[PDB]
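Peer 1: what shape does this take:
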Amino acid sequence: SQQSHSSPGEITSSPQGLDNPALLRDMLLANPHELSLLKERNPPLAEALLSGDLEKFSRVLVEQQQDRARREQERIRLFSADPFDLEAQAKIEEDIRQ
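Peer 2: Residues are numbered from 1 along each chain as shown. Dropping the coordinates below:
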């Protein structure tokens, strides 16, 4: 089947839970496929997840984002206009537990 996709300016929506490691950790723990690719492709972020500690998961998440960004900047300078996250899920979190 012939298909197409749109290219709106939503190229910057952090859809992979980049801004919310708490939610991403939760999704990953609940998702055996995603957690599996994660241990295959990214073992240091994965081991942080396996440990349960959101603090290490988040800490490594930022370190990985810095390392992604170092190379990604070189790639996006060539071309960058492909979104995949039409649902672009977001949440508002709070911790008013005293």
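
Peer 1: list the buried residues in the helix or strand encompassing residue 23.
Peer 2: Residue 23 belongs to helix 21-30 when elements are defined using DSSP states H and E. The neighbour-count check on helix 21-30 (16 or more other Cβ atoms under 10 Å) flags 21, 24, 25, 28 as buried. (Each C-beta comes from the backbone N, C-alpha and C, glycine too.)

Peer 1: could you check how far the third one is from residue 33?
Peer 2: Relative to residue 33, residue 25 is positioned 16 Å away (Cβ to Cβ, to the nearest Å).

Peer 1: tally of neighbours for the closest residue to residue 28 other than its chain neighbours?
Peer 2: Nearest-residue entry for residue 28: residue 35, 4.9 Å, with adjacent residues in sequence omitted and distances by Cβ to Cβ, 6 or more residues apart in numbering. Using other Cβ atoms under 10 Å, residue 35 has 16 other residues around it.

Peer 1: touching, residue 20 and residue 91? I think so.
Peer 2: Yes - using Cβ atoms under 8 Å, residue 20 is in contact with residue 91, at 6.7 Å.

Peer 1: for the helix holding residue 23, packing partners?
Peer 2: helix 32-41, helix 43-50, helix 54-76 (3 or more Cβ pairs under 8 Å, 6 or more residues apart in numbering; DSSP states H and E).
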